[PDB]
């Protein structure tokens, strides 16, 4: 800990904070989650070691890397390799060309990280734009799935009621019905994200959170004209299969990586520029920054 220098705030939590830090003797930059271990519940104490254990298990080019776990007097540090490219969604709105192919490229990377989570018995439970970063400012920076603070460990394909966790706009139907759930919830979130990547606004939305949940449980999304008239049928097909209410028939991550819009991207995904999507995303990002 004394080996690290702390700088600005990168995030905030109930009993934690995320700060940019640097390894003093070598100058390597990291993102450290600083948890005040003092006056911490037993429940909260198990969640902390569960996050450390989960992050330690995940080594993948599309997942953030845990560098160190540190226990000090009254504080605990979760040190991750720092990614400097910012949010994927903020990078897209800065582009001059953005098409289905780019969205397919992004979702493919997200699907690799989700598939690598599920192959290791880990369900993220909170897939959302804030947790989708870009490795660098380099042209071809890799997408990085971040923040496993809500992730859970599961055995095989055994569902269970693991609790009401996540973000309202991305919650699956089965979590809202308080049914047992598992890996498919991440794939419902990927469906929401993919929808937003194509048109720039969420498939489910309402001022009243109670109406939102009725929309989600009913699968009350559609592909309205005119913006969806130019989206390929294969792109709507992949979304459909992710936003499938029945969790058993919902497409898995390994199946989605073999969908023609993903694996045959160069000949299936449209290359047309979608400026209206860029414009909508700019508004979507602005609304997020308020809350």
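Numbering follows the first chain given and starts at 1. Whichever C-alpha set is largest while still superposing within 1.5 Å between the two forms counts as the rigid core.
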Check your understanding: Do you reckon 16-24 or 274-282 strays further from the shown form in 4 other deposited structures of this protein, measuring C-alpha RMS after a core fit?
Key -> 274-282
Revision key, fill the gap. Quick note, superposing on core in 4 other deposited structures of this protein and taking C-alpha RMS, the more shifted stretch of 175-183 and 82-90 is 82-90
Check your understanding: Comparing 150-158 with 172-180, which has the greater mean CA B-factor as deposited?
Key -> 150-158
Point to revise | Residue range whose averaged C-alpha B-factor is higher in the record, 102-110 or 133-141 | key: 133-141
**Study point:** Highest recorded Cα temperature factor - choice among 246, 252, 26, 62
**Key:** 26
Check your understanding: Looking at 195, 188, 75, 204, which has the biggest Cα B factor in the entry?
Key -> 75
**Study point:** residue 121 - which third its CA temperature factor falls in, relative to the rest of the chain
**Key:** highest
Point to revise | Chain third (lowest, middle, highest) by recorded CA B-factor, residue given as residue 282 | key: lowest
Review point. For residue 239, does the deposited CA B-factor place it in the lowest, middle or highest third of the chain?
Key: lowest
Check your understanding: How does residue 71 rank on Cα B-factor within its chain, lowest, middle or highest third?
Key -> highest
Study note, to complete from the structure: For residue 49, the third of its chain by CA B-factor is the highest
